[PDB]
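Novice: below you'll find the sequence and an experimental structure to go with it.
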Amino acid sequence: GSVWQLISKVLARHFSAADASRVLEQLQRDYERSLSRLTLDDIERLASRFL
Amino acid sequence: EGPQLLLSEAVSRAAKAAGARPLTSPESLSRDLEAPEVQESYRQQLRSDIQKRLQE
Ligand SMILES: C[C@H](CCC(=O)NCCC[N+](C)(C)CCCS(=O)(=O)[O-])[C@H]1CC[C@H]2[C@@H]3[C@H](O)C[C@@H]4C[C@H](O)CC[C@]4(C)[C@H]3C[C@H](O)[C@]12C
């Protein structure tokens, strides 16, 4: 099971079928690009933010 | 900027890029995205993926 599946159930309550699918695909693409850009610098900065 | 820590903002940005407008309202969509199960699953996915890329 996954976050993508839970998000899709939410999207099916608020978007047309076609739009829900487009939004999920766009979300997965944005997410994976964001992970790709991640550097050691960014991870270090993250740790300083919370704890 | 960076990976979006708030799922509600991630979905908002995605929808805007996709040109999708909600059947309901952005406020109703965001309320549902804040459900504890949904936010927690997102947090766990994020933690797993960051650790894995760190594994190089
Ligand atoms: C992954 C790092 C922790 C690093 C760590 O502790 N482990 C790395 C080990 C590296 N090594 C020692 C193996 C290198 C070996 C080289 S050696 O010198 O040993 O030769 C931690 C530090 C801060 C953490 C984030 C923040 O909290 C905010 C947020 C909280 C949510 O809840 C979950 C998501 C998120 C984004 C967290 C994700 C992740 O959890 C982070 C990035």
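Specialist: In hand now; what should we look at? Residues are numbered from 1 along each chain as shown, chains lettered A, B, ... in the order given.

Novice: closest residue of chain B to the ligand?
Specialist: Relative to the ligand, the nearest point of chain B is residue B:47 (3.8 Å; C-beta to the nearest ligand atom). Just so you know, the C-beta spots here come from the backbone N, C-alpha and C atoms, and that holds for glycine as well.

Novice: packing partners of the helix ranked longest in chain B?
Specialist: Counting by DSSP state H, the longest helix found in chain B is helix B:36-54. Counting by 3 or more C-beta pairs under 8 Å, 6 or more residues apart in numbering or on different chains; DSSP states H and E, the packing neighbours recorded for helix B:36-54 are helix A:3-11, helix A:17-37, helix A:40-50, helix B:7-18.

Novice: so which of these is nearest residue B:51?
Specialist: Between residue B:51 and those, the shortest gap by C-beta to C-beta is with helix A:40-50, which sits at 9.6 Å.

Novice: about what we covered before: so for the longest helix of chain B, what gets flagged as buried?
Specialist: B:38, B:39, B:41, B:42, B:46, B:49, B:50 (16 or more other C-beta atoms under 10 Å in any protein chain shown).

Novice: that older thread, what's the closest of the helices and strands packed on helix B:36-54 to residue B:55?
Specialist: When these are compared by C-beta to C-beta, helix A:40-50 sits nearest residue B:55, at 11.7 Å.
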